[PDB]
Each structure stands twice: as structure tokens, then as C-alpha cells.
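Before any comments, here is the structure.
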Amino acid sequence: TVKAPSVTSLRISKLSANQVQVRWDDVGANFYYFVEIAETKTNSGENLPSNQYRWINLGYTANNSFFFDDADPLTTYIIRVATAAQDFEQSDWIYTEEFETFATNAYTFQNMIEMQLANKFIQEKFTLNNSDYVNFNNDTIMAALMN
Amino acid sequence: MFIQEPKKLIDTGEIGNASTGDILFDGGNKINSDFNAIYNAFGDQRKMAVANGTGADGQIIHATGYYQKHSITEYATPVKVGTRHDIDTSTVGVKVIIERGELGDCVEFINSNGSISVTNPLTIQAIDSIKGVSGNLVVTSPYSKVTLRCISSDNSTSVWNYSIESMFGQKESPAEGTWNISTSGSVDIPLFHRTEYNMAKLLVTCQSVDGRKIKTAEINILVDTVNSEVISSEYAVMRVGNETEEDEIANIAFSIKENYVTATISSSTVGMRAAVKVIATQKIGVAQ
Amino acid sequence: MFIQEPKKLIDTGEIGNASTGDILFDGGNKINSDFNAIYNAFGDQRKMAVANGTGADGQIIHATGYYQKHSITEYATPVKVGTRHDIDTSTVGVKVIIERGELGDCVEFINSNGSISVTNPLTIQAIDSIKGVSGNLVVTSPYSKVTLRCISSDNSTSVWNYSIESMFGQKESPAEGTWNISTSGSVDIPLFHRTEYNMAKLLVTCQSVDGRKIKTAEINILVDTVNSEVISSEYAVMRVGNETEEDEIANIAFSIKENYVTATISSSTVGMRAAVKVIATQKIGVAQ
Amino acid sequence: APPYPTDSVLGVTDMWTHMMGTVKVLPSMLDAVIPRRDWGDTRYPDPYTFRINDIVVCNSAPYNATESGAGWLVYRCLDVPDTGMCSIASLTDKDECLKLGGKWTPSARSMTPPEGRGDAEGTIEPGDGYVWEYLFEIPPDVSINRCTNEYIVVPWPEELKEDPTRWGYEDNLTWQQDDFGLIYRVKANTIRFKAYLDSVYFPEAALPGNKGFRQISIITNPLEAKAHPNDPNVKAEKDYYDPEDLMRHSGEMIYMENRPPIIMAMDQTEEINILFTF
Amino acid sequence: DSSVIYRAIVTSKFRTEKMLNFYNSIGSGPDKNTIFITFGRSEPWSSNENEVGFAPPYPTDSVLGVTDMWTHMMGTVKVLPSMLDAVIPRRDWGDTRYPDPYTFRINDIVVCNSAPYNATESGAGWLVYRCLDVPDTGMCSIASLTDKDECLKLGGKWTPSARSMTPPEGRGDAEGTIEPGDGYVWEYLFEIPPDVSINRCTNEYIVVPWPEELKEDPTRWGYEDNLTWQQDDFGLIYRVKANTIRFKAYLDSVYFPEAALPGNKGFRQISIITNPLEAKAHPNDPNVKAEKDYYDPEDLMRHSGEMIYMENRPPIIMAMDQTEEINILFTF
């Protein structure tokens, strides 16, 4: 009859623009958590719906953390989580200090060493994140050896 | 009720330039499911419990379409519009709960054996409204036809006006038409083949070319079989351009001519438009 | 209106003995288009502007079929026969121009919300003729149903007789049948569950086994709710084999028996065929 | 609104001061009760829409009544139609709403109020969205006299020990032998006090022109007045005592009450109901 | 507009009343409640459970939740009414640890003789005083008022400025510190004999005597001396308005060696049960309430009796030769 209490430590662990890795503290066991996103600004002004802003949900979640990649770079968004499990009152719908996911961010990473990638690939594929450029898993790849 | 997906279409950018099997392996899934709706529409969806509509026992298409028969457990869920159903409430009165529809959305249903009674009523929920029906409409009629049509959808408001019809009977009119009373001032109209009806009822309106003189009478006829006659009863006489309280604007005479009940409508007035319309008839068949 | 091709069928002499992808690359084009007509028939062709009838939002089959809604710009072109349409003339009166049809060609149309009025009429051109209709038929009827059927095609002559029906209402007859007046000379017939109608009108014809004595009366009844009675008005009496100007060839009595309006038809004459036919009824619902 | 009451030896005294009259309570005037909800009642919303575990009374009223010649019935609704609405706006599935545990509101109304003594009925076979579990039947006499249209009266286990049948509970299945702990199943947390005030016991306050009594108080285990304080104390049997006939401050008053004035009148008969939610 | 709008309240006493009743309801054998207390779930909540800050999942109440709690249950222990006592928060005069040892607020209840610094009088158990009146100078809980009397005339709380000089004394019915001078006045209640103090009393909570147990000795509780005018009374708990009962229980490894064995991850969660019935070989056999102090969960009938209160903890590890103690209290 009482609230699924809350997560305590609640944070966005990293920013690659349009992407977030959010960390809320795990709190109790077998409590899924209700992760929200809300919209600071309309891009017209800032926090124009300071209140009255929309909400969107990422659903309930498992574990202590959720990884999220979406929407726009550089834009400010509210996010909110609410812990829950089966028989409870609902959680408090805790808020963050939010953020905006800056501009261009992309991958900084290892690969098998000898290989030499072509910039435009990641340049599009990741910096601009567009999966259409190559939707890899599906796509067909000529592999040409060389003179 | 076998569930149908909507239309699901194949990519031709696949195939000859891509992996053949895979893109096809997908396509069949469509195609198979695709025909399913088709045959499930026009054939028994209980034929899916069979070879899944396959084989000679499989679902067939009915140019008439098929009214899908099922348990109540399935209609215990809001049933989608566009569907033809046949359920017989002899077992029990049922509610048929219907989804919130769209303007133009239809729901067709029947009881073929007519088991529907007050002991076998039929309840219906079409979401948020049915025009003329407060709450859920109940249907006690045997051999009725449940046809819902959603005449407003709008935002939340699914407004269903409602039509229902006896699945059977003689619904035809033997004679309906219109003509102008001849320069001869009369004519003879075959009404029906003299044997088609023991009783008929028709309405003739004799109206002047300029419409000022319009004649109306209430025509009740008894077809006389043995004498090859037709007995009339006229009453409730009404006129507009009547110049005389006697027979006026035209006259109505009857006969049986050429194995036709033949009305002879005579007007002293030339240029009289007479519309002959047989509104109701009766004939005797076998006992029971 | 999404255009359909006719049936377009695959070559099996292709495939395993020929280039797989290509012959298939073609086949999909058929299949895709092939289902399109199907779903476009039984679902909104405006769902093609959607994912092209694909996805869960995609065109679905209606066992009832779908009456295709569109702009007037599309009906501004002769519209093919065989099509179900739903258009609402609230915006404006429209002409629906129809191609020259074939004997048996049908055109089904409705206004679901019944917006059709004189302010919202509906004009139709079916090429070269519509039986009974000089020029283009106009339709002012709300909740009407436009059904054209081409009763002659011939060479140039597309003759369309025309049916139209109110999309809704109570069209059933509670009691219609025929029997022979018993050796007892009478019977009791449940007409409808006593609650089904405040008013009904029926026609009974009592005819001798040899057909010489045939009895007819004009039956108008008032169902009496509180008293569980039914009040009758008989008039316009007609006979053939009547031997007496008094009640003759049979008698007509009424009652409510077993929660049924029950007519008791008594004939002193044995072997009298009586056909009980309820032509019209009335019941009161809620105001408005 | 009368001033918010005060609890204190002072507050007691004052209430103990003004006290007009006193009435006992027999345990048989104490009943367990749960909020009444009847199938099909038009006036109140969703007569036909039931939520899981809701408790439904049948036969109470003609629209309610399925079955003549039986007292009221009490069903609980195990399962609700699949289509509906979730209390959590995020979920469109009943099963998913409930698998997570958010409340679900069903779309489809019940056809008929449930029936049969058996274990979940539920109009499960032929078809329905609702399924129904049976509890017990309430016999008419108790119904009419006990029931407030908001709150049905729930039977005591002891009183249950007397007739399982008159309460229709005899039929079931306990497998523990006698059980009778039925009130656990309904989880009634609420008791209804019923009391009867009459002018006759207290004509003085009944006389024409009284401005009536403002405030109400209940007391437990007071002791009789005694002429001699060394005399042994006596608990109070009789139904009413003038506050005089009761010892000063004797017994404990759990519950104090303040109202706008109510005016009793002789030959009038006033009734009090009180519901404690534990 | 609202026609009738009324106000009503339950006295704090009714809390007590429930308790005293509730205390009555624990039976010996018959027709009064019997109580078993159960522990279980060797099983780990989650790998975290050990780490700091871990909160086990909040328990669930359901026929499902019951079964599960009923599933893992390691062991069971009965409760005798004599292990159930009413208690009030202990507050001692002069105690440094707790704030304002020397500053008391009206109606506070102060214990004497509890401790050496507290102790005025040797050869007597603990004393229990309540503090009727406090020094005049002080501060009001309602910020608007600078007068104690005026603060109280409205009824807001008052905190006195002047600390108590001495802990209260005297059996004497009024008798705090009235004649010579002070701001505080003290009310006497009863004196507590040492053994009970020692055995029952937790320095936060003195144990409060039952009216029944009082009926036995008014003297041993020092209550015999006074004045009641209702005759026998003994309802003292009413006067003190104790809303709090203390359950005391004693777990020992011996009754349940299996959960006690070295390497047990201990029991995560605790559950109490009321009026369970014994296991039976034949389900038609009549039910039997449970006399013995502990039962392996097997020897108890599945689900028999009702369990009011469920609990989940980070794992606690019982150990053999350890003797572990559990206290649970209740404010009704």
C-alpha cells in the first residue's frame, strides 16, 4: 500500500549527443523502474514549458541503469524515473538536473589493429550516427583485395 | 476468430540482386498470412483448426462471403468492424462487444437458424455509442440480421446507427412505376402474373401535367382466383385539383388481363401523371 | 481510389529450371499488386497513402467489405462498377459518374453519416442510361444506400435499373406464415413476443382446401400493454366463397398468449388455408 | 463547523459535564461491513464495469435480481475483460498492466450479474470478460434490517459458526474442516456501530424547545453511581443511564465528537450509526 | 454550500484500549489468539545483499506472497503473553546523552533512580515521574507568544528556559518541588522494582505494568499508596497512555540446527503467524492449535492460521551456540 520508494543516485553517466547512459541507484531488489523523459524547451526559447512540458516514458526497466540513444543533439530534456514492483504505492517520480546532449559526439574505440578504416564511414556512420549510411548487420559487403 | 494482419507486401528490390531464399523465406510468411485473412473472411475461421484453411477441407472464398461462427469467448472481446458473423443464441443470450469504429465502419452479423429469442437475446456493445441505442442493444429476433454501421467516429465518439432485417421472406413489389394518363385518358397495366398474389395493396397517384390536379386513393385489392377477378376496396380518398367531389382528376378500374392483374386507370383529364406503386402483397402457400 | 489490376498469375515453368530471382522478382510485382486490390476492396484505399496497406495500420479485409471513401476529384472520373463507396455530401452535392457497365455489373455506394440532403444531393452518371432515370439520378436521401446494377449492356447500351435503401431501421416482420384451419376450425398463433411492438399490421387470408372459399380482412391492431391485450380494427372486408355477408369463410380473433400476441383464427369451414402475414409493425423507443 | 474537539482531562471533563444521556451497545449491534456495490445499478457510474477483486452483491434489487427466493448474494470478480484501460498510462495491455501490477480498468461491461454457488463460475465457459467467484448468500431478514445501501453487513465468524446455511456458506469446500474465517476473505476492516436513541429514556432533553445536543461521545466500561464511595464498583448493564446515574468520569471514552446542533424532540426517534475503520 | 460539517476524534487512550484488549486476546489453548514467529529464506535476495546500502525487496502481501514467505520458512517460535509488555519511551532525569537532561516540558514523564547521577534514593527501584509544570520563562512553540501562560492559554507547546535543579522526588501526589522554589513541578506515578528494570527495561523504553499484573501487587509497583477514589483502579496504563507493546522473543540454534549449521547464509526475512494449526496426516482430522514453543515448518499445517505481519531484511546469519534475540514492538 506504500510507495515503491525511489532510486537515490540518479544521473546521466555520459553524453554522446542524442544518446545518454543514465545511472539511477539500484535501491531495492526486484523493483523495476519507471524512466521518463520530458522536454525542457521547444527549441523556441528554453524551458518554455517549464511545467506543462510533455512526458515520454522509456517503460519500466530492469537493473540499476538504462542506456538511451535518441532525439536531438544539443537539446535540453527532463528525464524522470519511478521505482516500482508488484504490490506498492507508486514511486515519487524523481527528477534529474537533466542535460543537453551536445552536438556531434561519437565513438572513440579499439579495433583489430592492422585494419585501416575509411573516415567517411564512421564520419557518417557514428559522428552523424545515421545507421542508413550503412545498416551494417543487414548489408552486403564486397571485400576486395588489392594490387 | 482467426486474427488477420493487414496487407503485407514483398520487396522486389530483394531477390535476384540479394539472397534469394531469405527474402523469400520472409515473403511466404506474408503471402501465407495474406491469403489467410482472405479465406478467413469468406470461409469458416474454424477451418483453421483444420489443416489451417489448406486442403480441400480448407477455407474457401464465398462470393456471398461467410458469416464467421465462433464461441462467445471470442466475442467476449471487442470484435473488430468489417466482420461477418453468424452466431445462434439458442445456447444463451450473448453480448457481442464491438470496438470503437470509424465513420463507415460496418459490422455484419446473423443468426441463420433464427435461434434468437427473448430466451436467446443478443446484446451488443459498440464502443461509446450506437445511434438510437442507449447502452447495449439487445436482439431477440429470430432470423434477424445484425448490421452495424459507424456513422460517427470523430475523436472518441463511435456513433453506430443501426439496421436490422429479417434474413428471409418475400420483400418484392410486383408492380411499381409511373406513366402519364393517355390522350385516351386511361391505360391497362399488368400488375403481376395473376397467380403471384392472393392479396396486394398498391398506391396510385394521378397528377396533372402541370401538377395542379393530383388524384390519390387507398387501394386494397382481393385477387379473385376462381373468377379470375380482383376485388377492390377504395377509401380514405384524397385530392388537390379535384373539381368534383365525385370521381375526379382520374378514375381507378381493375381487371385481370393477359394472366396479369391489370388495373385500368381512366382519367377524363388529359396529361395526368399516374404513378402505379404496389406497396404490399400477400399470397397463400402450403400450411406450416 | 487506389487502382487495381486484374488477376496476374505466376509462371511455374520458371523457377527451378530458370533464373530464380528474376522470375520471382516479377512474381512479387504481381503478388504485391494482387493483394492490393483485395485489401483495397475490403479496406480503405486511403490506407495506401499510409504504409501502402502494410503494417498493422495497413488495409484489412472486411468480411462485410469496405465502402471506399475518397475525394470528389476521383469520382470526377467515371468510377468502375463492382465498387463499394462511402461518400458524405455534407460538403456539397456530388455527381458520381460511372462507366458504361455490363449486364450484372453492380455499383454499391452509401452515405454512412447520412449527410445527404437536398443541400447535399448526389448525382450519378452511369454511361448511356440508368433504367427509370432520365439523365443523371440525384440522391437527397440521408442514410441511403446507392446500389446500381447494370441490367443491360448489350453493345453501347448500359441499362442500370436502380435500387436504394435506408441504411438502417427495423425492417423485420415478426410473424409471417401459412397453415390450414384445423379440424377444430381454429388455432392460436404467437405473433411476436408481447413486448416487441406497440403497433402491428398483418394480413390473413383464409382459403378453402379447394380454394373456392377464401377469406380476407384488413387487420390493424393496437397492442394493449397494461391490460396485456391487443385492440383490433377490421374493415375493407373482402371475400370470394362467402356464403353469408356475416363473418364467413373463417373468423379472426386476437389475444396475447405465452408472452406472444396471439391471433385466434376460427373457421366454421374445415380445410381452410390461412396465411398469417404481418406486413407492418410499430414500437415506441426513447424520445429522440 | 463546530470547533475541532480537544482531548484532555479538561476536554473530558467538559464533555463529561454537558453529557445529556448515555446508551449501551450490545455486541449484536456491532457488525462487520464492507461498502455495498450492486451489479447493474444505473444511478452510480459503471454499474456494468467491474474491477478485479471487486465484490458484487446480487439479487438485492429487481434490476440486480437474477433469482427470486434467495437472499442477497456476494460475488467477487476475479478477472475482467481483456480490453480496458490501465491505471498506468504507459501500458496498453491488461496482462502487462497487471503483470507489472498497475491497476487496469476494463472496457467491456458485464452481461449479467454472476450466479452459481460453485467456485469460479465465472460465466467463464460460454463467454464473458468477467469471471466470478462465489462467497456466501445473505439471508433476507438480516439484509433488510442490517444493510445500509452504502455498506452491506458482513457476518461474524461465531455467528457464522451457528448457521453456515443461513449465510449460504455451508456449501463450500473449506478443506480445513470448519474454517468460517470468511471475514478474512472479504478483508472487512470496518465495523458499524448501531445505536438507538429514544426520547422516553431522556424526556427532559426531549421537551419542546430544546436546542439539542451539539456533540457526541462514546464511553467504555463505566461504573455505577454509588452513595458511598467505599461501596464496590458496578459496571453498567442497563441500556441507558442518566449521566447522573453514572459515576463521575467512570469508564473510558475513546471517541469524542462535535457537530452543529441537532435538536431532539419527544416522540421523534433518532438513530446513530458509527463506522470504525481499523 | 455544505450544510452539515462536523468534527470528531479518537482519544489516544483508545490506542491503549486496543492494546490491552489485544493483550487479552493471546490465549493459552482456547478461543484466544496464539502466535508463532517465523524466519526463513536462506536464499540470497541478490548478490548485492551483503554490500552496504542494500535494501531487500519490500515484502509482498498476497496468497502468492504468503505461499512464498510460507515456502522458505526455516523455523517457528511461539509467544507467551508474559513476554508481551506495554512500554513507554524511557526518559531519565539528568541524563547527558539525550538532549536537555535538565529541561523538561509539561507532561513529560521522567524516570528516577535509574542511574547513579539520576539516583536520589538508594534501596529503591526506578521511579517514574511526569512533569506537570515547567519554569515560567522559556519559549513557546508558537512563535507568536513569549509567555508560557499565554502560550498555553492558546495551548501551544512551551519550552521552559530554566533547567531543573533536581530530579523530582516524593511519593507525594502533587509534589514536584513546590514550596521552596522552582519552575518545574513534577508528578509522581509509581516506582519500578529493580529486577524488572534490569530484565525488562531498555534504556530507551521503560516497561509499563499491566493492570492485571498490577492487581496482584500494588506495592511491588509502589502503586499501593494512592488515593484513586474509584476504588481499586490499577488501570494505570490509561494514565500514562502507553500506546506501545513490546514483543520479546528468544531464538536458539538448538530448535532449528539445520538453519543454524555453519555456512548457512542465514535467513533473509521474518514472518509472524497467529493461530496456526498442526500438520495432520489425514485432512479430515480436526484442526489443532499449536502449543509447543517451536515447530519446524513441516510440523505446522500449510497456511493454517493467519499471519498478520511480513518482513524482509538483508540476510541475517544465525549461528549455533549463539543466542539471538528479537524484539518487535507495536503502537496500535
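We label chains A, B, ... in the order they appear in the C-alpha cells, count residues from 1 in each chain, and number ligands from 1 in the order shown.
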Would you write out, as a tab-separated table, a table of all residues in chain A that have an atom no more than 7 Å from an atom of chain E, listing for each the closest atom pair and the distance in Å to one decimal, considering only C-alpha atoms and ordering rows by chain and rising residue number?
```
residue	atom	partner	partner_atom	distance
A:27	CA	E:55	CA	6.4
A:28	CA	E:55	CA	5.0
A:29	CA	E:57	CA	4.7
A:30	CA	E:57	CA	6.4
A:87	CA	E:60	CA	6.1
```
Near segment 70-82 of chain C, counting only C-alpha atoms, which residues have an atom at most 6 Å away, once you skip same-chain residues fewer than 4 positions from it, shown as an MDAnalysis selection string? chainID C and resid 96:99 105:107
Please dump the current selection as a tab-separated table (two decimals), in the first residue's frame; keep C-alpha atoms.
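again_20.tsv was written with the following content:
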```tsv
chain	number	residue	atom	x	y	z
C	96	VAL	CA	-20.76	10.07	-59.16
C	97	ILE	CA	-20.09	9.28	-62.78
C	98	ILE	CA	-20.00	5.60	-63.57
C	99	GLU	CA	-18.54	3.76	-66.52
C	105	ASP	CA	-22.47	-5.00	-63.16
C	106	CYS	CA	-23.12	-3.57	-59.71
C	107	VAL	CA	-22.23	-0.27	-58.10
```
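All residues of protein, DNA or RNA that reach within 10 Å of segment 26-29 of chain E, judged by only C-alpha atoms and not counting those fewer than 4 positions away in the chain, are residues 21, 22, 33, 34, 35, 79, 80, 81, 84, 274, 275, 288, 289, 290 and 291 of chain E.
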Separation of atom CA of residue 65 of chain D from atom CA of residue 38 of chain D in Å: 9.8 Å
Show which residues sit within 12 Å of residue 17 of chain B, as a PyMOL selection string. Count only C-alpha atoms, and ignore same-chain residues fewer than 6 positions away. (chain A and resi 140) or (chain B and resi 11+23) or (chain C and resi 19-22+24-25)
Kindly determine which residues of chain A lie within 9 Å of chain D, considering only C-alpha atoms, and give the answer as an NGL selection string. :A and (32 or 56-57 or 59-60 or 84-88 or 90)
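Atom CA of residue 230 of chain B to atom CA of residue 200 of chain B spans 9.7 Å [interatomic distance, one decimal].
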Determine which residues of chain D sit within 6 Å of chain B, taking into account only C-alpha atoms, and present them as number ranges by chain. D: 126-129
For the strand (DSSP E or B) assignment from backbone DSSP, which residues of segment 188-252 of chain C qualify? Please present them as a VMD selection string. chain C and resid 188 to 193 199 to 208 214 to 224 229 to 239 251 to 252
Show me, as a ChimeraX atom specification, the residues that have an atom within 12 Å of residue 125 of chain A when counting only C-alpha atoms, minus same-chain residues fewer than 2 positions from it. /A:104-107,117-123,127-136
Taking the DSSP secondary structure from the backbone, can you list the residues of segment 174-278 of chain E that are helix (DSSP H, G or I), as a PyMOL selection string? chain E and resi 194-200+211-216+223-225+236-240+253-255+257-260
Long-range neighbours of residue 295 of chain E as a PyMOL selection string, 12 Å cut-off, only C-alpha atoms, 6 positions minimum in chain: chain E and resi 36-39+73-78+254-256+276-279+289+301
With N, CA, C and O atoms retained, export the selected residues as a PDB file, in the first residue's frame.
```
ATOM      1  N   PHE E  36       2.808 -17.516  16.493  1.00  0.00           N
ATOM      2  CA  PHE E  36       4.093 -18.060  16.113  1.00  0.00           C
ATOM      3  C   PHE E  36       4.825 -17.056  15.239  1.00  0.00           C
ATOM      4  O   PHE E  36       4.224 -16.270  14.503  1.00  0.00           O
ATOM      5  N   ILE E  37       6.138 -17.104  15.368  1.00  0.00           N
ATOM      6  CA  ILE E  37       7.065 -16.179  14.730  1.00  0.00           C
ATOM      7  C   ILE E  37       8.076 -16.961  13.921  1.00  0.00           C
ATOM      8  O   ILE E  37       8.656 -17.943  14.398  1.00  0.00           O
ATOM      9  N   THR E  38       8.247 -16.569  12.670  1.00  0.00           N
ATOM     10  CA  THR E  38       8.948 -17.424  11.741  1.00  0.00           C
ATOM     11  C   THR E  38       9.985 -16.639  10.969  1.00  0.00           C
ATOM     12  O   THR E  38       9.851 -15.439  10.704  1.00  0.00           O
ATOM     13  N   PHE E  39      11.040 -17.360  10.625  1.00  0.00           N
ATOM     14  CA  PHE E  39      12.165 -16.855   9.866  1.00  0.00           C
ATOM     15  C   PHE E  39      12.419 -17.816   8.721  1.00  0.00           C
ATOM     16  O   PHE E  39      12.073 -18.997   8.798  1.00  0.00           O
ATOM     17  N   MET E  73      10.192 -20.889   4.830  1.00  0.00           N
ATOM     18  CA  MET E  73      10.262 -20.641   6.261  1.00  0.00           C
ATOM     19  C   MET E  73      11.138 -21.647   6.975  1.00  0.00           C
ATOM     20  O   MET E  73      10.897 -22.854   6.917  1.00  0.00           O
ATOM     21  N   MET E  74      12.165 -21.136   7.649  1.00  0.00           N
ATOM     22  CA  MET E  74      13.092 -22.015   8.340  1.00  0.00           C
ATOM     23  C   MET E  74      12.449 -22.588   9.591  1.00  0.00           C
ATOM     24  O   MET E  74      12.357 -23.807   9.753  1.00  0.00           O
ATOM     25  N   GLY E  75      11.985 -21.712  10.476  1.00  0.00           N
ATOM     26  CA  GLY E  75      11.640 -22.121  11.821  1.00  0.00           C
ATOM     27  C   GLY E  75      10.542 -21.235  12.362  1.00  0.00           C
ATOM     28  O   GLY E  75      10.193 -20.209  11.775  1.00  0.00           O
ATOM     29  N   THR E  76      10.000 -21.651  13.505  1.00  0.00           N
ATOM     30  CA  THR E  76       8.809 -21.037  14.073  1.00  0.00           C
ATOM     31  C   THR E  76       8.950 -21.017  15.583  1.00  0.00           C
ATOM     32  O   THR E  76       9.514 -21.944  16.168  1.00  0.00           O
ATOM     33  N   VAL E  77       8.467 -19.953  16.217  1.00  0.00           N
ATOM     34  CA  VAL E  77       8.544 -19.886  17.675  1.00  0.00           C
ATOM     35  C   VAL E  77       7.237 -19.299  18.201  1.00  0.00           C
ATOM     36  O   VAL E  77       6.693 -18.350  17.633  1.00  0.00           O
ATOM     37  N   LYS E  78       6.725 -19.885  19.288  1.00  0.00           N
ATOM     38  CA  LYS E  78       5.511 -19.379  19.908  1.00  0.00           C
ATOM     39  C   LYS E  78       5.821 -18.145  20.748  1.00  0.00           C
ATOM     40  O   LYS E  78       6.984 -17.774  20.940  1.00  0.00           O
ATOM     41  N   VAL E 254      19.389 -24.507  18.805  1.00  0.00           N
ATOM     42  CA  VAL E 254      19.030 -25.889  19.128  1.00  0.00           C
ATOM     43  C   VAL E 254      17.693 -26.329  18.522  1.00  0.00           C
ATOM     44  O   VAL E 254      17.559 -27.472  18.065  1.00  0.00           O
ATOM     45  N   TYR E 255      16.686 -25.452  18.499  1.00  0.00           N
ATOM     46  CA  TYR E 255      15.390 -25.885  17.973  1.00  0.00           C
ATOM     47  C   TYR E 255      15.450 -26.101  16.476  1.00  0.00           C
ATOM     48  O   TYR E 255      14.679 -26.895  15.922  1.00  0.00           O
ATOM     49  N   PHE E 256      16.380 -25.428  15.812  1.00  0.00           N
ATOM     50  CA  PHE E 256      16.474 -25.379  14.358  1.00  0.00           C
ATOM     51  C   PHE E 256      17.954 -25.470  13.991  1.00  0.00           C
ATOM     52  O   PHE E 256      18.516 -24.548  13.386  1.00  0.00           O
ATOM     53  N   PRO E 276      -1.953 -20.758  13.997  1.00  0.00           N
ATOM     54  CA  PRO E 276      -1.753 -21.815  13.010  1.00  0.00           C
ATOM     55  C   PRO E 276      -2.191 -23.142  13.601  1.00  0.00           C
ATOM     56  O   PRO E 276      -2.418 -23.289  14.810  1.00  0.00           O
ATOM     57  N   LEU E 277      -2.367 -24.111  12.727  1.00  0.00           N
ATOM     58  CA  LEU E 277      -2.880 -25.398  13.138  1.00  0.00           C
ATOM     59  C   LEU E 277      -1.821 -26.434  12.797  1.00  0.00           C
ATOM     60  O   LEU E 277      -1.016 -26.243  11.874  1.00  0.00           O
ATOM     61  N   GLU E 278      -1.813 -27.529  13.547  1.00  0.00           N
ATOM     62  CA  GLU E 278      -0.749 -28.502  13.377  1.00  0.00           C
ATOM     63  C   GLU E 278      -0.866 -29.203  12.036  1.00  0.00           C
ATOM     64  O   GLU E 278      -1.922 -29.207  11.393  1.00  0.00           O
ATOM     65  N   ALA E 279       0.241 -29.795  11.605  1.00  0.00           N
ATOM     66  CA  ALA E 279       0.164 -30.668  10.454  1.00  0.00           C
ATOM     67  C   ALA E 279      -0.714 -31.857  10.832  1.00  0.00           C
ATOM     68  O   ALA E 279      -0.790 -32.244  12.001  1.00  0.00           O
ATOM     69  N   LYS E 289      -4.633 -26.322  17.428  1.00  0.00           N
ATOM     70  CA  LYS E 289      -3.750 -25.210  17.693  1.00  0.00           C
ATOM     71  C   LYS E 289      -2.446 -25.707  18.299  1.00  0.00           C
ATOM     72  O   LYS E 289      -2.349 -26.815  18.831  1.00  0.00           O
ATOM     73  N   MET E 301       0.647 -27.153   9.869  1.00  0.00           N
ATOM     74  CA  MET E 301      -0.210 -27.243   8.703  1.00  0.00           C
ATOM     75  C   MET E 301       0.126 -26.135   7.725  1.00  0.00           C
ATOM     76  O   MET E 301       0.405 -25.002   8.125  1.00  0.00           O
TER      77      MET E 301
END
```
12 Å contacts from chain A to chain B using only C-alpha atoms, as a PyMOL selection string: chain A and resi 138-141
A straight line from atom CA of residue 237 of chain E to atom CA of residue 236 of chain D spans 22.0 Å
I'd like the contact shell of segment 163-177 of chain E - 10 Å cut-off, only C-alpha atoms, skipping same-chain residues fewer than 6 positions apart - returned as a ChimeraX atom specification. /E:92-94,100-104,110-113,117-121,127-135,138,183-191,222-223,225-227
What residues in chain B have any atom no more than 6 Å from chain C when counting only C-alpha atoms, and can you write them as an MDAnalysis selection string? chainID B and resid 6:9 12 15:16 41 82:84 104 108 151 162:166 233 284 287:288
Based on only C-alpha atoms, which of the residues in chain E come within 6 Å of chain D? I want them as JSON, numbers by chain. {"E": [5, 6, 7, 8, 9, 10, 11, 14]}
Dump N, CA, C and O atoms for the selected residues as a PDB file, in the first residue's frame?
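And here's result.pdb as it stands now:
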```pdb
ATOM      1  N   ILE E   5     -21.333  20.018   8.691  1.00  0.00           N
ATOM      2  CA  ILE E   5     -19.905  19.771   8.761  1.00  0.00           C
ATOM      3  C   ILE E   5     -19.547  19.599  10.235  1.00  0.00           C
ATOM      4  O   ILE E   5     -19.771  20.506  11.043  1.00  0.00           O
ATOM      5  N   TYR E   6     -18.995  18.443  10.580  1.00  0.00           N
ATOM      6  CA  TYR E   6     -18.831  18.066  11.974  1.00  0.00           C
ATOM      7  C   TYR E   6     -17.401  17.612  12.223  1.00  0.00           C
ATOM      8  O   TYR E   6     -16.630  17.357  11.297  1.00  0.00           O
ATOM      9  N   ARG E   7     -17.044  17.534  13.501  1.00  0.00           N
ATOM     10  CA  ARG E   7     -15.720  17.107  13.924  1.00  0.00           C
ATOM     11  C   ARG E   7     -15.759  16.055  15.022  1.00  0.00           C
ATOM     12  O   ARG E   7     -16.569  16.126  15.951  1.00  0.00           O
ATOM     13  N   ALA E   8     -14.865  15.075  14.914  1.00  0.00           N
ATOM     14  CA  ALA E   8     -14.809  14.017  15.904  1.00  0.00           C
ATOM     15  C   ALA E   8     -13.409  13.432  15.977  1.00  0.00           C
ATOM     16  O   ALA E   8     -12.689  13.399  14.977  1.00  0.00           O
ATOM     17  N   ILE E   9     -13.013  12.970  17.169  1.00  0.00           N
ATOM     18  CA  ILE E   9     -11.678  12.407  17.335  1.00  0.00           C
ATOM     19  C   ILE E   9     -11.740  11.201  18.256  1.00  0.00           C
ATOM     20  O   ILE E   9     -12.629  11.081  19.105  1.00  0.00           O
ATOM     21  N   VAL E  10     -10.776  10.300  18.078  1.00  0.00           N
ATOM     22  CA  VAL E  10     -10.488   9.197  18.986  1.00  0.00           C
ATOM     23  C   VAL E  10      -9.426   9.581  20.001  1.00  0.00           C
ATOM     24  O   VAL E  10      -8.399  10.173  19.647  1.00  0.00           O
ATOM     25  N   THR E  11      -9.665   9.261  21.265  1.00  0.00           N
ATOM     26  CA  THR E  11      -8.658   9.572  22.259  1.00  0.00           C
ATOM     27  C   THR E  11      -7.458   8.651  22.071  1.00  0.00           C
ATOM     28  O   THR E  11      -7.575   7.512  21.599  1.00  0.00           O
ATOM     29  N   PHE E  14      -7.779   5.148  23.350  1.00  0.00           N
ATOM     30  CA  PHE E  14      -8.285   4.043  22.563  1.00  0.00           C
ATOM     31  C   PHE E  14      -7.166   3.246  21.923  1.00  0.00           C
ATOM     32  O   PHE E  14      -7.281   2.028  21.756  1.00  0.00           O
TER      33      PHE E  14
END
```
